[PDB]
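The structure appears below as structure tokens.
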Amino acid sequence: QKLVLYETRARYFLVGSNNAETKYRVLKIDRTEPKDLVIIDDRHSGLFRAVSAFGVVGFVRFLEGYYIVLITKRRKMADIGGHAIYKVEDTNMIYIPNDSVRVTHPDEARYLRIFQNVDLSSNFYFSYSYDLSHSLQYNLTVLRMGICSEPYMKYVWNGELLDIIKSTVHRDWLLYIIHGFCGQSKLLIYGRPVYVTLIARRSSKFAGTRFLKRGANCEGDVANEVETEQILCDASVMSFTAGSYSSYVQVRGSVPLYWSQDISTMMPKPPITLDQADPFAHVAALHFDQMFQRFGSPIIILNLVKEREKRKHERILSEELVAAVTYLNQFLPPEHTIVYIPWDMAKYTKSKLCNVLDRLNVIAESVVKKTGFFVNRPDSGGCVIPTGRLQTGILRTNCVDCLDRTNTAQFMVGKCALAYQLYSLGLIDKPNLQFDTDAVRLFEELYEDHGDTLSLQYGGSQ
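Residue numbering for the sequence shown follows my numbering, beginning at 18 and increasing consecutively.
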């Protein structure tokens, strides 16, 4: 919940705005020789201005001093099933010293500058009631509605900032913001009021002795990964109006190839050493094991070829991925578990390109189902009475392919799924939802915005 703070010579004191129960904890960062974090009884300072803030994101020790990172204000970007999603508007980095010049030297100052740049450049989101770090399907599994213990570590942006507080264990204080995009739009289809939402969360990269953005580490973590989730809330017209909520998730990320890569583009073209040893097989396997755990029932991997090869435009990473996937030939319950599809999606972009997308779906369809999405029925009050279905599988695209193309693939796939979700509620008969012009426009705009927001990673290619 919201927090309130008092600052004095002693340092900073934080407490929940609303104190439920007799014993409420106070967090104190101390000015003293230690700029330690402490847990205190409710001896909050009596005199001083009380400042209200949306959340205490955490603390960081830059060189000698420790700073508190705070999200002062937020705006409500979305509301689903009673949960409110907020974006952090204004933030602050606060230090105990009150103009400690001596403490500050250029090394520490530089660090703060770096952090400021990141806080400014990024867009963080959180919900007090709902865990944004996890997909709706994952949250369903967790169950007890919270809390920070349950969040998905890959996505918990302020995991590191939280370290001191996690040690102590004052749950109210720990709130896990997200980087990409979140928006909802109200629409009407067949006289049924509807809320459509789209959220993209981008991954914050990861633990390990050494690093590299592209590829997977020994542990099986890729570092560049995003989840895109389409959510819908509608009321069944027929019968007592029951509210249904749906979620459909997709993933995009770096090709799970061991990070060791010869980036000597300058020199002659590199061949990638998949594994005289076996890191490529090992890393990929470990990555896939994680993916199957989270997403479950198969991960269908879509790789977009886009190569004539007359020029013989062959990519080392491209071939590597397929060979590795084939080599693993995942098996365990019936079905491989991971399916691989190379797919040619070429121009003309507004015509032939879309047609191919549908073709891609068909091929996937041999393997995947439109029905596979999360669905639940809440009561008035927004609690969940039933769980109609859970999403077993996920379609994973590649970060390397054009964001333009991938976004298109994701958008189209979501439309195919949406139709079934509308069917389920009985909002639409067997026919196509797309016919509704206003609705499609809303839908298109939502996705277009998403692509714009997400394209934030880099600007360019050759």
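We put the CB at the ideal spot given by N, CA and C, even for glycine.
- For residue 156, the enclosing alpha helix (DSSP H) covers residues 153–159.
- Each of 337, 192 and 86 was checked against the Cα of residue 300, and the nearest Cα belongs to 337.
- Annotated three-state conformation of residue 83 is strand, per DSSP.
- Taken through DSSP and simplified to helix, strand or coil, residue 100 comes out as strand.
- Within its own chain, the residues whose Cβ lies closer than 6 Å to the Cβ of residue 81, once the five positions on either side in sequence are excluded, are 120, listed in chain order.
- When C-beta atoms of the segment 392–406 are compared with those of the segment 344–353, fewer than three pairs fall below 8 Å, so the two segments do not count as touching.
- Between residue 88 and the set 193, 410 and 366, the nearest pair of CA atoms involves 193.
- As the crow flies, the alpha-carbon of residue 277 is around 31 Å from that of residue 77.
- Within the segment 41–86, the beta strand (DSSP E) runs of at least 3 residues that lie entirely inside it are, in chain order, 43–47, 54–57, 68–70 and 72–79.
- Counting only unbroken stretches of 4 or more residues, the alpha helix (DSSP H) elements lying wholly within the segment 286–369 are 296–312 and 333–345, in sequence order.
- Runs of beta strand (DSSP E) with 3 or more residues, each lying fully within the segment 363–428, are found at 391–395, 401–406 and 411–415, listed in chain order.
- Distance between residue 279 and residue 161, taken at the CA atoms: about 46 Å.
- In summary, residue 408 is buried, with 16 or more beta-carbon neighbours lying within 10 Å of its beta-carbon over all protein chains present.
- Taken through DSSP and simplified to helix, strand or coil, residue 216 comes out as strand.
- Counting only residues of its own chain and dropping the five nearest sequence neighbours on each side, residue 392 has a CB closer than 6 Å to the CB of 263, 405 and 406.
- Contact check for residue 187 against residue 219 fails: the beta carbons are separated by 7 Å or more.
- DSSP, read as helix, strand or coil, puts residue 237 in coil.
- Residue 372 counts as exposed, since fewer than 16 other C-beta atoms from the protein chains shown sit within 10 angstroms of its C-beta.
- Residue 29 sits away from residue 52, with the two beta carbons spaced by 7 Å or more.
- The alpha-carbon separation between residue 381 and residue 355 amounts to approximately 12 Å.
- Scanning 266, 46, 258 and 74 for the CA closest to the CA of residue 248 turns up 266.
- Looking at the backbone, the Cα of residue 177 and that of residue 418 are separated by about 31 Å.
- In the three-state DSSP reduction, residue 446 falls in the coil class, being neither helix nor strand.
- Here DSSP, grouped into helix, strand and coil, assigns residue 473 to helix.
- Under the Cβ criterion (8 Å, minimum of three pairs), the segment 156–176 does not count as touching the segment 55–71.
- In this structure, DSSP gives residue 188 a helical state, which the three-state scheme calls helix.
- Linking residue 19 to residue 111 through their CA atoms gives a straight-line distance of about 17 Å.
- Taking a cut-off of 8 Å on C-beta distances, the segment 44–58 touches the segment 179–186, as three or more cross pairs fall below it.
- In this structure, residue 91 sits near residue 105, with a CB-CB distance shorter than 7 Å.
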